[PDB]
Amino acid sequence: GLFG
Amino acid sequence: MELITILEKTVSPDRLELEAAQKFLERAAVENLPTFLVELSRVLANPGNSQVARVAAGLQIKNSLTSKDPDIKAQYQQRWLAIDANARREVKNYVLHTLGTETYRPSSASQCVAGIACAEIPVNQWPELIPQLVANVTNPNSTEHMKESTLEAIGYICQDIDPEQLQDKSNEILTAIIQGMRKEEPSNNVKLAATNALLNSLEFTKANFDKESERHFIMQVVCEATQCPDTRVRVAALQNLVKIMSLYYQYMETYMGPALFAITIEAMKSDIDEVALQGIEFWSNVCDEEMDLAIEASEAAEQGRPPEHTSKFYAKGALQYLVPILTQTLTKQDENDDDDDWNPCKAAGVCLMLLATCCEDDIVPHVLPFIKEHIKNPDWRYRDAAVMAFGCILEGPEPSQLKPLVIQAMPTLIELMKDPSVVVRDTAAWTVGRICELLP
């Protein structure tokens, strides 16, 4: 996804 | 005072509050592009947000994926591809999950799907999309919104991406499009989305128009649509007939005689300017197609062999019912406005000129009767129409064959230069100008  | 909040302030009447929200969103695209996009897609994806918010969210996304300036657009598409594949996979996921969850119209998601796709499809980056878009439309359970917004997305994709990049999916798409167009479809809105989608998919359905089995179905579907009670669907349907006629002239024999003629003729007579505009466009398109054919035909005359395609002279065969409508249409004059406006009147006249250069000589004997009966009419409109029509037939009939007609007209053609009506005076001028020019 966008993060981690 | 979040993102939803900044977005809604993008429509606030307060000038200060707008430039504010606008600045925020600009740096957000600059200093935080990946996150910003995932957030906006999240807003857009949530049916719990305001139409104001969603539409705004959608506009921001679409704005960071495309521009009307080819250069800027190129730059944006690259910037997007350069973004983390996982971030994009999330924005794509949200944008898509939106379809069918919007109550407003049009869809703000389809503009984003079309945005990302135009950058990703030409690089095999979102290979799943089309199958998904087609399944959305053809699923027997799909909602009335699911089909409508999906069809808008398919429509935008076709419109802005090289048709060269869909011919290998042309059958899948066309199925979905024709699906939301067949009369059985309850919603005219879906029917409308479907019909504008088809308009941009003709560029790569060539393989489908060739199979007589399918071309007859497409044509029937389009025709039944020019009969739709929702004027928008009609106009859209007539728009296809106009494009089909320039992209598939060689296959129009079967329908032209028993269908097109009737439809387009009536369309030209419609009280609704947008519909009349299409009717006219259609027969101008014919003249055009037929004029290039006369060339392609003449060129093969020298090479002593037959041309690749042959004209069927539909234009010359309709001269009987076209002329009176065109001349009659020149009566719909614009007393007050824009010599830049494209109204039936402007259309008709350009069309007439085309009809002239087409049915060269056989244009005069059909136009004269109208010119005669009206050149001296109380109504400035008809008086201008007559002078107009005479100015249109000037280029088509043999230069020699015209001179005698110019003989008897010239007298009156001058008077009119002193006619009260500024419009008539302007017209008369144009006409007389063309005479002195052409035939020395």
# chains A, B, ... in the order shown; residues from 1 in each chain; ligands from 1
>>> interface_residues(of="chain B", to="chain A", cutoff="10 Å", atoms="only C-alpha atoms", output="CSV table (one decimal) with C-alpha atoms, in the first residue's frame")
chain,number,residue,atom,x,y,z
B,34,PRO,CA,1.8,9.9,-3.5
B,35,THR,CA,0.0,10.3,-0.2
B,37,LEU,CA,-3.4,11.0,-4.2
B,38,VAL,CA,-4.2,8.0,-2.0
B,39,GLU,CA,-6.1,10.4,0.3
B,84,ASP,CA,5.6,3.8,-6.1
B,85,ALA,CA,3.7,0.9,-7.8
B,86,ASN,CA,2.1,0.1,-4.5
B,87,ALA,CA,0.8,3.6,-3.9
B,88,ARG,CA,-0.6,3.6,-7.5
B,89,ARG,CA,-2.1,0.2,-6.9
B,90,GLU,CA,-4.0,1.7,-4.1
B,91,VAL,CA,-5.2,4.8,-5.8
>>> residues_around(residues="segment 137-153 of chain B", least_positions_apart="3", cutoff="8 Å", atoms="only C-alpha atoms", output="tab-separated table (two decimals) with N, CA and C atoms, in the first residue's frame")
chain	number	residue	atom	x	y	z
B	99	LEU	N	-16.78	3.43	-8.63
B	99	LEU	CA	-17.80	3.14	-9.63
B	99	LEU	C	-19.05	2.44	-9.09
B	100	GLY	N	-20.20	3.09	-9.27
B	100	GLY	CA	-21.46	2.52	-8.83
B	100	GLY	C	-21.92	2.99	-7.46
B	101	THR	N	-21.12	3.85	-6.83
B	101	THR	CA	-21.41	4.37	-5.49
B	101	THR	C	-21.69	5.86	-5.45
B	102	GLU	N	-21.71	6.47	-6.63
B	102	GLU	CA	-21.97	7.90	-6.76
B	102	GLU	C	-23.43	8.14	-7.14
B	103	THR	N	-24.03	9.15	-6.52
B	103	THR	CA	-25.42	9.49	-6.77
B	103	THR	C	-25.53	10.64	-7.74
B	106	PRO	N	-22.11	13.94	-13.82
B	106	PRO	CA	-21.61	12.64	-14.25
B	106	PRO	C	-20.76	12.03	-13.14
B	107	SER	N	-20.08	10.94	-13.48
B	107	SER	CA	-19.21	10.27	-12.54
B	107	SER	C	-17.87	11.02	-12.48
B	109	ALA	N	-15.32	9.54	-10.91
B	109	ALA	CA	-14.35	8.46	-10.90
B	109	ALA	C	-13.88	8.11	-12.33
B	110	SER	N	-14.83	7.99	-13.26
B	110	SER	CA	-14.53	7.67	-14.66
B	110	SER	C	-13.46	8.59	-15.25
B	111	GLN	N	-13.46	9.85	-14.84
B	111	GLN	CA	-12.47	10.80	-15.32
B	111	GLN	C	-11.06	10.45	-14.80
B	113	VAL	N	-10.23	7.16	-13.81
B	113	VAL	CA	-9.89	5.87	-14.42
B	113	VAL	C	-9.31	6.18	-15.80
B	114	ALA	N	-9.99	7.05	-16.54
B	114	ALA	CA	-9.52	7.41	-17.86
B	114	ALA	C	-8.17	8.11	-17.79
B	133	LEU	N	-13.80	-3.49	-16.20
B	133	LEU	CA	-14.77	-2.56	-16.72
B	133	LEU	C	-15.88	-3.28	-17.52
B	134	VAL	N	-15.49	-4.26	-18.35
B	134	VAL	CA	-16.45	-5.02	-19.13
B	134	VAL	C	-17.35	-5.87	-18.23
B	156	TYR	N	-14.46	7.53	-21.73
B	156	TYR	CA	-13.32	8.45	-21.61
B	156	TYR	C	-12.02	7.78	-22.05
B	157	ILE	N	-11.84	6.52	-21.67
B	157	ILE	CA	-10.64	5.81	-22.06
B	157	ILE	C	-10.54	5.82	-23.59
B	176	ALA	N	-19.67	-4.67	-24.17
B	176	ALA	CA	-20.10	-3.90	-23.01
B	176	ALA	C	-20.85	-2.66	-23.47
B	177	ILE	N	-20.30	-1.96	-24.47
B	177	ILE	CA	-20.95	-0.76	-25.01
B	177	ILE	C	-22.32	-1.12	-25.58
B	179	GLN	N	-24.08	-3.46	-25.11
B	179	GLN	CA	-24.91	-3.99	-24.06
B	179	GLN	C	-25.76	-2.91	-23.38
B	180	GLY	N	-25.16	-1.76	-23.06
B	180	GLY	CA	-25.90	-0.69	-22.43
B	180	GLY	C	-26.69	0.16	-23.42
B	187	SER	N	-32.63	2.05	-18.20
B	187	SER	CA	-32.14	3.43	-18.06
B	187	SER	C	-31.64	4.14	-19.31
B	189	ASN	N	-30.03	6.83	-19.12
B	189	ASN	CA	-28.76	7.39	-18.67
B	189	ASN	C	-27.61	6.45	-19.00
B	190	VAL	N	-27.86	5.16	-18.78
B	190	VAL	CA	-26.91	4.12	-19.10
B	190	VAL	C	-26.86	4.12	-20.63
B	191	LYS	N	-28.03	4.16	-21.25
B	191	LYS	CA	-28.09	4.17	-22.70
B	191	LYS	C	-27.30	5.34	-23.27
B	193	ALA	N	-24.67	6.89	-21.72
B	193	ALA	CA	-23.25	6.66	-21.49
B	193	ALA	C	-22.72	5.74	-22.58
B	194	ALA	N	-23.46	4.66	-22.81
B	194	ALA	CA	-23.12	3.65	-23.80
B	194	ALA	C	-22.97	4.26	-25.18
B	197	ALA	N	-19.95	6.28	-25.59
B	197	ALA	CA	-18.79	5.41	-25.54
B	197	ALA	C	-18.55	4.88	-26.94
>>> residues_around(residues="segment 22-27 of chain B", least_positions_apart="2", cutoff="9 Å", atoms="only C-alpha atoms", output="list in words")
residues 6, 7, 9, 10, 17, 18, 19, 20, 29, 30, 31, 32, 33, 36 and 60 of chain B
>>> residues_around(residues="segment 289-294 of chain B", least_positions_apart="2", cutoff="9 Å", atoms="only C-alpha atoms", output="NGL selection string")
:B and (245-246 or 249 or 284-287 or 296-299 or 307 or 309-315 or 354 or 357-358)
>>> write_last_selection(atoms="C-alpha atoms", output="mmCIF file, in the first residue's frame")
data_model
loop_
_atom_site.group_PDB
_atom_site.id
_atom_site.type_symbol
_atom_site.label_atom_id
_atom_site.label_comp_id
_atom_site.auth_asym_id
_atom_site.auth_seq_id
_atom_site.Cartn_x
_atom_site.Cartn_y
_atom_site.Cartn_z
ATOM 1 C CA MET B 245 -20.760 7.502 -42.401
ATOM 2 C CA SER B 246 -17.235 8.859 -42.669
ATOM 3 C CA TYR B 249 -19.157 4.673 -46.188
ATOM 4 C CA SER B 284 -22.061 17.308 -45.284
ATOM 5 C CA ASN B 285 -20.048 14.328 -44.257
ATOM 6 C CA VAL B 286 -21.531 12.417 -47.222
ATOM 7 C CA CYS B 287 -20.619 15.171 -49.704
ATOM 8 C CA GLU B 296 -9.751 8.795 -55.984
ATOM 9 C CA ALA B 297 -11.896 7.783 -58.963
ATOM 10 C CA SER B 298 -10.481 10.339 -61.350
ATOM 11 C CA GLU B 299 -6.939 9.482 -60.263
ATOM 12 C CA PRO B 307 -10.483 2.845 -57.866
ATOM 13 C CA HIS B 309 -13.722 2.221 -53.473
ATOM 14 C CA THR B 310 -16.567 3.617 -55.519
ATOM 15 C CA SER B 311 -19.011 6.441 -54.746
ATOM 16 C CA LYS B 312 -22.776 5.659 -54.603
ATOM 17 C CA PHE B 313 -23.792 9.285 -55.127
ATOM 18 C CA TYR B 314 -26.121 9.416 -52.146
ATOM 19 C CA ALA B 315 -25.641 13.201 -52.046
ATOM 20 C CA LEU B 354 -20.623 21.286 -50.190
ATOM 21 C CA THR B 357 -19.253 21.408 -55.326
ATOM 22 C CA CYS B 358 -20.711 17.877 -55.242
#
>>> closest_residue(among="B:330, B:435, B:409, B:351", to="residue 375 of chain B", atoms="only C-alpha atoms")
B:409
>>> residues_around(residues="residue 64 of chain B", least_positions_apart="2", cutoff="9 Å", atoms="only C-alpha atoms", output="PyMOL selection string")
chain B and resi 29+33+37+59-62+66-67+73+76-77+79-80+115
>>> atom_distance(atom1="atom CA of residue 44 of chain B", atom2="atom CA of residue 166 of chain B")
27.2 Å
>>> closest_residue(among="B:420, B:365, B:411, B:229", to="residue 380 of chain B", atoms="only C-alpha atoms")
B:420
>>> residues_around(residues="residue 162 of chain B", least_positions_apart="2", cutoff="12 Å", atoms="only C-alpha atoms", output="mmCIF file with C-alpha atoms, in the first residue's frame")
data_model
loop_
_atom_site.group_PDB
_atom_site.id
_atom_site.type_symbol
_atom_site.label_atom_id
_atom_site.label_comp_id
_atom_site.auth_asym_id
_atom_site.auth_seq_id
_atom_site.Cartn_x
_atom_site.Cartn_y
_atom_site.Cartn_z
ATOM 1 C CA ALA B 117 -5.358 4.323 -17.786
ATOM 2 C CA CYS B 118 -4.150 6.713 -20.475
ATOM 3 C CA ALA B 119 -0.786 6.621 -18.777
ATOM 4 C CA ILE B 121 -2.413 1.082 -20.526
ATOM 5 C CA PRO B 122 0.150 2.027 -23.161
ATOM 6 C CA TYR B 156 -13.315 8.447 -21.608
ATOM 7 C CA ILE B 157 -10.640 5.805 -22.064
ATOM 8 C CA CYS B 158 -11.641 5.331 -25.742
ATOM 9 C CA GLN B 159 -11.814 9.076 -26.253
ATOM 10 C CA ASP B 160 -8.323 9.990 -24.949
ATOM 11 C CA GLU B 164 -4.174 1.799 -31.593
ATOM 12 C CA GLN B 165 -4.046 0.621 -28.007
ATOM 13 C CA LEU B 166 -7.443 -1.113 -27.754
ATOM 14 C CA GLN B 167 -7.941 -2.956 -31.048
ATOM 15 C CA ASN B 200 -15.186 7.015 -29.504
ATOM 16 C CA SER B 201 -14.781 3.288 -30.167
ATOM 17 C CA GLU B 203 -11.875 4.081 -34.539
ATOM 18 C CA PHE B 204 -11.080 0.426 -33.760
#
